[PDB]
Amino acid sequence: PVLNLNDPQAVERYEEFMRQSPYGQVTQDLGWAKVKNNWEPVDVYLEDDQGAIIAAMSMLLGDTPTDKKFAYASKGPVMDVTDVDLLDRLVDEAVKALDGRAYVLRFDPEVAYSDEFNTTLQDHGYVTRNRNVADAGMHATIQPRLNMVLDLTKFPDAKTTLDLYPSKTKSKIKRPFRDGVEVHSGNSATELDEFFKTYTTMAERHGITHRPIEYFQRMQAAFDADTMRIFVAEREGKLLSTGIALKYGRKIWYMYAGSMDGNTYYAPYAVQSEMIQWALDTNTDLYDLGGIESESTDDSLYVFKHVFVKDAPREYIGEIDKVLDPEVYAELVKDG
């Protein structure tokens, strides 16, 4: 069925499935459509024989240089996507709801790449984008396919962040705190302003592009402090580093961050230690530090995140494209 966003009871039923599913993703929450307020939401789901929701897909529709929309279910759908017969049924419902308006429906679930799964998706008619476009780098796909994920279930008795690490890394994590760095957290306008100052400073330092503050205001309006939390590191009243973490489903996700210019006393490691502590204190399975370009010491993202993730990065299946208008698809998408 298609979700009527004007029906609060249907919306709450959809949200309860989303929030309680082990496959849940913050970017599949209906709150994500409020963040992406320049996109058009279309949401579908499937029910079992008892009428309970068993699978859902939150889509956002964007404009293109053509007469067709781009339909995108970020880190969706919420179900076991390796159950491809069920996936086909959910995608068919999504395709009906799109009503010919989109050239593609793309979804990029956090499921491991494998040859067998890639082959099955292609057998079912999907076009997949993963190792065949890897040469284009991290931004070959919309979300990074290679991600640095800390599996806290490997440490069932850990009480604090330090319990997860070898002694050499314990020392790296202790160092900001020994040098006076203190971290507070919250989801108020105060912490948002602190984050935004460090975020814009980081972006200008790297010469990269950055989102306006209203993007994060919409995030803060959509998600309460048990879901979205901003961690702020200071040393003696001086703002040093921040990060935004989102808790949803089986993971806490380090999503946005920044540091001031100058001496920051390893404050970013203190921010990581406290987000990891939040994951431990809430019995969350996974702590996701997010994307890297490659598993290489040449990659500054890998070097930083490897301090906290000694396991190999997770490599996901990438983008799964249900091609709807193949002429426009070939115009707008190259297969590597």
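Sequential numbering from 1, following the sequence displayed. In this text, rigid core is short for the largest set of C-alphas that superpose within 1.5 Å between two forms.
Using the rigid core as the fitting frame, the root mean square C-alpha deviation in 7 other deposited structures of this protein is greater for 203 to 211 than for the other of 179 to 187 and 203 to 211. Annotation: of the segments 137 to 145 and 166 to 174, 137 to 145 departs further from this form in 7 other deposited structures of this protein (C-alpha atoms, root mean square over structures and residues, core superposition). Relative to its counterpart among 136 to 144 and 224 to 232, 136 to 144 has the higher mean temperature factor, C-alpha atoms as listed in the PDB entry.
The stretch with the higher mean CA B factor, choosing between 52 to 60 and 293 to 301, is 293 to 301. For the set 328, 323, 10, 320, the maximum C-alpha B-factor listed in the entry falls on 10.
Comparing the C-alpha B-factors of 251, 75, 205, 218 in the entry, the top value falls on 205.
For residue 108, the recorded CA B-factor ranks within the lowest third of the chain. Only modelled residues enter the ranking. In the deposited entry, the Cα temperature factor of residue 97 sits in the top third of values across the chain's modelled residues. When the modelled residues of the chain are ordered by C-alpha B-factor, residue 283 sits in the highest third. Placement of the Cα temperature factor of residue 306 within the chain: highest third of the modelled residues, per the deposited record. In this PDB entry, the Cα temperature factor of residue 238 sits in the top third of its chain's modelled residues, the highest group.
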